[PDB]
Structure formats: C-alpha cells, structure tokens
$ cat start_3.pdb   # PDB, C-alpha atoms
ATOM      1  CA  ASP I   1      19.035  -8.758   0.416  1.00  0.00           C
ATOM      2  CA  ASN I   2      15.505  -9.736  -0.694  1.00  0.00           C
ATOM      3  CA  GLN I   3      13.986  -7.111  -3.006  1.00  0.00           C
ATOM      4  CA  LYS I   4      16.377  -8.643  -5.535  1.00  0.00           C
ATOM      5  CA  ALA I   5      13.745 -11.102  -6.767  1.00  0.00           C
ATOM      6  CA  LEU I   6      10.676  -8.944  -6.165  1.00  0.00           C
ATOM      7  CA  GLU I   7      10.428  -5.238  -7.049  1.00  0.00           C
ATOM      8  CA  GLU I   8      13.930  -3.874  -6.277  1.00  0.00           C
ATOM      9  CA  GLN I   9      12.823  -0.200  -6.420  1.00  0.00           C
ATOM     10  CA  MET I  10      11.895  -0.464  -2.709  1.00  0.00           C
ATOM     11  CA  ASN I  11      13.626   1.092   0.356  1.00  0.00           C
ATOM     12  CA  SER I  12      16.945   0.606  -1.446  1.00  0.00           C
ATOM     13  CA  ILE I  13      16.129   3.759  -3.439  1.00  0.00           C
ATOM     14  CA  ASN I  14      14.306   5.620  -0.659  1.00  0.00           C
ATOM     15  CA  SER I  15      17.301   5.248   1.624  1.00  0.00           C
ATOM     16  CA  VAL I  16      19.076   6.976  -1.236  1.00  0.00           C
ATOM     17  CA  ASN I  17      16.387   9.670  -1.352  1.00  0.00           C
ATOM     18  CA  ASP I  18      16.911  10.509   2.326  1.00  0.00           C
ATOM     19  CA  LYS I  19      20.663  10.691   1.752  1.00  0.00           C
ATOM     20  CA  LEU I  20      20.512  12.852  -1.341  1.00  0.00           C
ATOM     21  CA  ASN I  21      17.786  15.142  -0.007  1.00  0.00           C
ATOM     22  CA  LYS I  22      20.302  16.519   2.506  1.00  0.00           C
ATOM     23  CA  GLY I  23      19.560  20.218   1.945  1.00  0.00           C
ATOM     24  CA  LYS I  24      21.567  21.345  -1.078  1.00  0.00           C
ATOM     25  CA  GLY I  25      21.350  19.720  -4.533  1.00  0.00           C
ATOM     26  CA  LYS I  26      19.262  16.635  -4.393  1.00  0.00           C
ATOM     27  CA  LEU I  27      18.438  13.705  -6.641  1.00  0.00           C
ATOM     28  CA  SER I  28      15.050  12.012  -6.319  1.00  0.00           C
ATOM     29  CA  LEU I  29      14.663   8.399  -7.483  1.00  0.00           C
ATOM     30  CA  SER I  30      11.651   7.175  -9.377  1.00  0.00           C
ATOM     31  CA  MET I  31      11.059   4.475 -11.980  1.00  0.00           C
ATOM     32  CA  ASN I  32       8.299   3.854 -14.492  1.00  0.00           C
ATOM     33  CA  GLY I  33       8.835   0.517 -16.197  1.00  0.00           C
ATOM     34  CA  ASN I  34      11.570   1.259 -18.746  1.00  0.00           C
ATOM     35  CA  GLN I  35      12.188   4.708 -17.397  1.00  0.00           C
ATOM     36  CA  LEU I  36      14.333   6.011 -14.660  1.00  0.00           C
ATOM     37  CA  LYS I  37      13.511   9.657 -13.998  1.00  0.00           C
ATOM     38  CA  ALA I  38      15.578  11.263 -11.285  1.00  0.00           C
ATOM     39  CA  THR I  39      14.567  14.819 -10.538  1.00  0.00           C
ATOM     40  CA  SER I  40      16.968  17.308  -9.040  1.00  0.00           C
ATOM     41  CA  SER I  41      15.708  20.026  -6.779  1.00  0.00           C
ATOM     42  CA  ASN I  42      17.636  22.998  -5.369  1.00  0.00           C
ATOM     43  CA  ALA I  43      17.403  24.520  -8.844  1.00  0.00           C
ATOM     44  CA  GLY I  44      19.945  22.087 -10.247  1.00  0.00           C
ATOM     45  CA  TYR I  45      22.644  23.145  -7.788  1.00  0.00           C
ATOM     46  CA  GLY I  46      25.008  20.499  -6.488  1.00  0.00           C
ATOM     47  CA  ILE I  47      25.123  18.538  -3.254  1.00  0.00           C
ATOM     48  CA  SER I  48      28.464  19.795  -2.272  1.00  0.00           C
ATOM     49  CA  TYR I  49      31.271  22.030  -3.390  1.00  0.00           C
ATOM     50  CA  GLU I  50      34.082  19.509  -3.113  1.00  0.00           C
ATOM     51  CA  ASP I  51      35.307  16.664  -5.308  1.00  0.00           C
ATOM     52  CA  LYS I  52      33.548  13.430  -4.429  1.00  0.00           C
ATOM     53  CA  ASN I  53      33.585  10.369  -6.650  1.00  0.00           C
ATOM     54  CA  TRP I  54      29.982   9.409  -7.144  1.00  0.00           C
ATOM     55  CA  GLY I  55      28.277   6.472  -8.765  1.00  0.00           C
ATOM     56  CA  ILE I  56      25.190   4.479  -9.640  1.00  0.00           C
ATOM     57  CA  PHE I  57      25.053   0.698 -10.076  1.00  0.00           C
ATOM     58  CA  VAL I  58      22.281  -1.396 -11.639  1.00  0.00           C
ATOM     59  CA  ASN I  59      22.263  -4.986 -10.373  1.00  0.00           C
ATOM     60  CA  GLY I  60      26.028  -4.919  -9.877  1.00  0.00           C
ATOM     61  CA  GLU I  61      26.810  -3.067 -13.120  1.00  0.00           C
ATOM     62  CA  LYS I  62      27.837   0.577 -13.475  1.00  0.00           C
ATOM     63  CA  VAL I  63      25.173   3.016 -14.671  1.00  0.00           C
ATOM     64  CA  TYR I  64      26.540   6.504 -14.175  1.00  0.00           C
ATOM     65  CA  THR I  65      29.455   8.058 -12.307  1.00  0.00           C
ATOM     66  CA  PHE I  66      29.705  11.744 -11.286  1.00  0.00           C
ATOM     67  CA  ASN I  67      30.834  14.419  -8.807  1.00  0.00           C
ATOM     68  CA  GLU I  68      28.948  16.122  -5.934  1.00  0.00           C
ATOM     69  CA  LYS I  69      30.075  19.590  -7.003  1.00  0.00           C
ATOM     70  CA  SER I  70      28.347  19.063 -10.342  1.00  0.00           C
ATOM     71  CA  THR I  71      24.856  20.237 -11.194  1.00  0.00           C
ATOM     72  CA  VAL I  72      22.739  17.357  -9.943  1.00  0.00           C
ATOM     73  CA  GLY I  73      20.105  18.420 -12.447  1.00  0.00           C
ATOM     74  CA  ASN I  74      22.364  18.093 -15.437  1.00  0.00           C
ATOM     75  CA  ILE I  75      23.581  14.861 -13.916  1.00  0.00           C
ATOM     76  CA  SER I  76      20.214  13.337 -13.027  1.00  0.00           C
ATOM     77  CA  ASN I  77      18.195  14.200 -16.104  1.00  0.00           C
ATOM     78  CA  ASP I  78      21.023  12.992 -18.368  1.00  0.00           C
ATOM     79  CA  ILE I  79      20.547   9.657 -16.662  1.00  0.00           C
ATOM     80  CA  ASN I  80      16.889  10.055 -17.478  1.00  0.00           C
ATOM     81  CA  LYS I  81      17.414  10.974 -21.127  1.00  0.00           C
ATOM     82  CA  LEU I  82      18.713   7.440 -21.279  1.00  0.00           C
ATOM     83  CA  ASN I  83      15.302   6.291 -19.981  1.00  0.00           C
ATOM     84  CA  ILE I  84      16.723   3.276 -18.241  1.00  0.00           C
ATOM     85  CA  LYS I  85      14.965   0.073 -17.263  1.00  0.00           C
ATOM     86  CA  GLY I  86      17.159  -0.038 -14.193  1.00  0.00           C
ATOM     87  CA  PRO I  87      15.206  -1.859 -11.441  1.00  0.00           C
ATOM     88  CA  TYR I  88      17.813  -2.161  -8.704  1.00  0.00           C
ATOM     89  CA  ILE I  89      20.075   0.844  -8.850  1.00  0.00           C
ATOM     90  CA  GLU I  90      22.394   1.784  -6.044  1.00  0.00           C
ATOM     91  CA  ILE I  91      22.898   5.502  -6.078  1.00  0.00           C
ATOM     92  CA  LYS I  92      25.788   6.289  -3.711  1.00  0.00           C
ATOM     93  CA  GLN I  93      29.331   7.611  -4.005  1.00  0.00           C
ATOM     94  CA  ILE I  94      32.364   5.378  -3.843  1.00  0.00           C
TER      95      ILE I  94
END
$ encode --input "start_3.pdb" --output "structure tokens"
Amino acid sequence: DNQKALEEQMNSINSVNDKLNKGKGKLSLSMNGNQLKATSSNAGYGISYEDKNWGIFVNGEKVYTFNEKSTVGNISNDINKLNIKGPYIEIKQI
C-alpha cells in the first residue's frame, strides 16, 4: 500500500505477529538488515494440528511454504539460517 517504498517491515509484519501469536506455536517476525530472524515460541510446537498450506512471500516472490502442524521452530529458524534480506515479507497461509 505505501510501506512498499519506505521501510516495508512495518505493520505488515506486526499484523502477522498478532495472527501467529494466537496461543499455540507462534512465529515472531524481526529483521536486521540482511537477516530475517523469526523466533518460535511455545517450545517449537506448531500452531495447529491440522494440514494447512502455509506460505511466505517477499515482494511478490515466494520465500518459504509450510504446514501449521509442523514445528514452527524448525520452520522459522530454517528460514533464518538462510539469513534473508527480505524487507517486505507476507507471512500468511494460502
């Protein structure tokens, strides 16, 4: 909408944080220059226990795709091993 040209890591990610921090497994979004580090609380346990098709998109391109019954900690920190420069990343299932 607007953050596109500016920072990008704004409310677009925090709206994600509120959605992912829903009780069970939860992915937190944070960026440091060339480094996406998403931390998973709930001891790595998953969001859900059912098959949902998940995904992350950086500026219209696919970053990572996963399932809610997976260990959000093995999911998230894999994404972070990559240490991605991803500024505008949409973390939401499809």
$ residues_around --input "start_3.pdb" --residues "segment 44-59 of chain I" --least-positions-apart "4" --cutoff "6 Å" --atoms "all atoms listed in the file" --output "list in words"
residues 24, 25, 40, 63, 64, 65, 66, 67, 68, 69, 70, 71, 72, 73, 86, 88, 89, 90, 91, 92, 93 and 94 of chain I
$ atom_distance --input "start_3.pdb" --atom1 "atom CA of residue 87 of chain I" --atom2 "atom CA of residue 9 of chain I"
5.8 Å
$ atom_distance --input "start_3.pdb" --atom1 "atom CA of residue 61 of chain I" --atom2 "atom CA of residue 79 of chain I"
14.6 Å
$ closest_residue --input "start_3.pdb" --among "I:22, I:29, I:60, I:83" --to "residue 10 of chain I" --atoms "all atoms listed in the file"
I:29
$ atom_distance --input "start_3.pdb" --atom1 "atom CA of residue 41 of chain I" --atom2 "atom CA of residue 26 of chain I"
5.5 Å
$ resolve_selection --input "start_3.pdb" --expression "the PyMOL selection byres ((chain I and resi 37) around 9)" --output "list in words"
residues 28, 29, 30, 31, 32, 35, 36, 38, 39, 76, 77, 79, 80, 81, 83 and 84 of chain I
$ build_atoms --input "start_3.pdb" --residues "segment 38-61 of chain I" --atoms "N, CA, C and O atoms" --output "PDB file, keeping the file's coordinate frame"
ATOM      1  N   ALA I  38      15.102  10.672 -12.515  1.00  0.00           N
ATOM      2  CA  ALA I  38      15.578  11.263 -11.285  1.00  0.00           C
ATOM      3  C   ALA I  38      15.522  12.776 -11.382  1.00  0.00           C
ATOM      4  O   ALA I  38      16.166  13.378 -12.236  1.00  0.00           O
ATOM      5  N   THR I  39      14.744  13.384 -10.510  1.00  0.00           N
ATOM      6  CA  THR I  39      14.567  14.819 -10.538  1.00  0.00           C
ATOM      7  C   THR I  39      15.470  15.480  -9.513  1.00  0.00           C
ATOM      8  O   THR I  39      15.627  14.988  -8.393  1.00  0.00           O
ATOM      9  N   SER I  40      16.059  16.588  -9.901  1.00  0.00           N
ATOM     10  CA  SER I  40      16.968  17.308  -9.040  1.00  0.00           C
ATOM     11  C   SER I  40      16.359  18.626  -8.618  1.00  0.00           C
ATOM     12  O   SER I  40      16.041  19.479  -9.450  1.00  0.00           O
ATOM     13  N   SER I  41      16.192  18.782  -7.324  1.00  0.00           N
ATOM     14  CA  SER I  41      15.708  20.026  -6.779  1.00  0.00           C
ATOM     15  C   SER I  41      16.901  20.878  -6.362  1.00  0.00           C
ATOM     16  O   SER I  41      18.051  20.509  -6.642  1.00  0.00           O
ATOM     17  N   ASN I  42      16.623  21.999  -5.699  1.00  0.00           N
ATOM     18  CA  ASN I  42      17.636  22.998  -5.369  1.00  0.00           C
ATOM     19  C   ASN I  42      18.089  23.723  -6.623  1.00  0.00           C
ATOM     20  O   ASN I  42      19.221  24.197  -6.708  1.00  0.00           O
ATOM     21  N   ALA I  43      17.182  23.792  -7.595  1.00  0.00           N
ATOM     22  CA  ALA I  43      17.403  24.520  -8.844  1.00  0.00           C
ATOM     23  C   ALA I  43      18.619  24.000  -9.605  1.00  0.00           C
ATOM     24  O   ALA I  43      19.314  24.759 -10.285  1.00  0.00           O
ATOM     25  N   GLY I  44      18.881  22.708  -9.479  1.00  0.00           N
ATOM     26  CA  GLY I  44      19.945  22.087 -10.247  1.00  0.00           C
ATOM     27  C   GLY I  44      21.307  22.214  -9.596  1.00  0.00           C
ATOM     28  O   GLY I  44      22.275  21.629 -10.078  1.00  0.00           O
ATOM     29  N   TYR I  45      21.387  22.972  -8.507  1.00  0.00           N
ATOM     30  CA  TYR I  45      22.644  23.145  -7.788  1.00  0.00           C
ATOM     31  C   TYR I  45      23.121  21.815  -7.223  1.00  0.00           C
ATOM     32  O   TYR I  45      22.339  20.875  -7.087  1.00  0.00           O
ATOM     33  N   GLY I  46      24.401  21.750  -6.891  1.00  0.00           N
ATOM     34  CA  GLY I  46      25.008  20.499  -6.488  1.00  0.00           C
ATOM     35  C   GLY I  46      24.836  20.196  -5.020  1.00  0.00           C
ATOM     36  O   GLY I  46      24.437  21.060  -4.243  1.00  0.00           O
ATOM     37  N   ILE I  47      25.125  18.953  -4.651  1.00  0.00           N
ATOM     38  CA  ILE I  47      25.123  18.538  -3.254  1.00  0.00           C
ATOM     39  C   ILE I  47      26.134  19.336  -2.484  1.00  0.00           C
ATOM     40  O   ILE I  47      25.845  19.940  -1.454  1.00  0.00           O
ATOM     41  N   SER I  48      27.343  19.289  -2.990  1.00  0.00           N
ATOM     42  CA  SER I  48      28.464  19.795  -2.272  1.00  0.00           C
ATOM     43  C   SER I  48      29.258  20.735  -3.154  1.00  0.00           C
ATOM     44  O   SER I  48      28.819  21.111  -4.243  1.00  0.00           O
ATOM     45  N   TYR I  49      30.424  21.106  -2.682  1.00  0.00           N
ATOM     46  CA  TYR I  49      31.271  22.030  -3.390  1.00  0.00           C
ATOM     47  C   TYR I  49      32.689  21.483  -3.433  1.00  0.00           C
ATOM     48  O   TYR I  49      33.645  22.197  -3.738  1.00  0.00           O
ATOM     49  N   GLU I  50      32.802  20.194  -3.138  1.00  0.00           N
ATOM     50  CA  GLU I  50      34.082  19.509  -3.113  1.00  0.00           C
ATOM     51  C   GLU I  50      34.034  18.295  -4.028  1.00  0.00           C
ATOM     52  O   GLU I  50      32.955  17.840  -4.409  1.00  0.00           O
ATOM     53  N   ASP I  51      35.203  17.780  -4.376  1.00  0.00           N
ATOM     54  CA  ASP I  51      35.307  16.664  -5.308  1.00  0.00           C
ATOM     55  C   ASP I  51      35.044  15.336  -4.619  1.00  0.00           C
ATOM     56  O   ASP I  51      35.880  14.838  -3.866  1.00  0.00           O
ATOM     57  N   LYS I  52      33.870  14.778  -4.871  1.00  0.00           N
ATOM     58  CA  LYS I  52      33.548  13.430  -4.429  1.00  0.00           C
ATOM     59  C   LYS I  52      33.318  12.553  -5.639  1.00  0.00           C
ATOM     60  O   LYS I  52      32.703  12.989  -6.618  1.00  0.00           O
ATOM     61  N   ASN I  53      33.787  11.320  -5.566  1.00  0.00           N
ATOM     62  CA  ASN I  53      33.585  10.369  -6.650  1.00  0.00           C
ATOM     63  C   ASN I  53      32.289   9.614  -6.439  1.00  0.00           C
ATOM     64  O   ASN I  53      32.166   8.792  -5.533  1.00  0.00           O
ATOM     65  N   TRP I  54      31.327   9.921  -7.282  1.00  0.00           N
ATOM     66  CA  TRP I  54      29.982   9.409  -7.144  1.00  0.00           C
ATOM     67  C   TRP I  54      29.720   8.232  -8.058  1.00  0.00           C
ATOM     68  O   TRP I  54      30.485   7.999  -8.985  1.00  0.00           O
ATOM     69  N   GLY I  55      28.633   7.493  -7.821  1.00  0.00           N
ATOM     70  CA  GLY I  55      28.277   6.472  -8.765  1.00  0.00           C
ATOM     71  C   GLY I  55      26.926   5.825  -8.559  1.00  0.00           C
ATOM     72  O   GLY I  55      26.349   5.856  -7.471  1.00  0.00           O
ATOM     73  N   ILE I  56      26.426   5.258  -9.646  1.00  0.00           N
ATOM     74  CA  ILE I  56      25.190   4.479  -9.640  1.00  0.00           C
ATOM     75  C   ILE I  56      25.420   3.101 -10.252  1.00  0.00           C
ATOM     76  O   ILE I  56      26.105   2.977 -11.271  1.00  0.00           O
ATOM     77  N   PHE I  57      24.849   2.072  -9.632  1.00  0.00           N
ATOM     78  CA  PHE I  57      25.053   0.698 -10.076  1.00  0.00           C
ATOM     79  C   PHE I  57      23.719  -0.031 -10.226  1.00  0.00           C
ATOM     80  O   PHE I  57      22.918  -0.057  -9.298  1.00  0.00           O
ATOM     81  N   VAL I  58      23.488  -0.619 -11.392  1.00  0.00           N
ATOM     82  CA  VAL I  58      22.281  -1.396 -11.639  1.00  0.00           C
ATOM     83  C   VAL I  58      22.598  -2.887 -11.585  1.00  0.00           C
ATOM     84  O   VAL I  58      23.324  -3.416 -12.430  1.00  0.00           O
ATOM     85  N   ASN I  59      22.079  -3.546 -10.557  1.00  0.00           N
ATOM     86  CA  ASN I  59      22.263  -4.986 -10.373  1.00  0.00           C
ATOM     87  C   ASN I  59      23.733  -5.386 -10.500  1.00  0.00           C
ATOM     88  O   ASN I  59      24.063  -6.381 -11.143  1.00  0.00           O
ATOM     89  N   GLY I  60      24.611  -4.602  -9.884  1.00  0.00           N
ATOM     90  CA  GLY I  60      26.028  -4.919  -9.877  1.00  0.00           C
ATOM     91  C   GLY I  60      26.811  -4.321 -11.037  1.00  0.00           C
ATOM     92  O   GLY I  60      28.038  -4.419 -11.067  1.00  0.00           O
ATOM     93  N   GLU I  61      26.129  -3.704 -11.991  1.00  0.00           N
ATOM     94  CA  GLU I  61      26.810  -3.067 -13.120  1.00  0.00           C
ATOM     95  C   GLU I  61      26.742  -1.547 -13.014  1.00  0.00           C
ATOM     96  O   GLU I  61      25.797  -0.998 -12.469  1.00  0.00           O
TER      97      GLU I  61
END
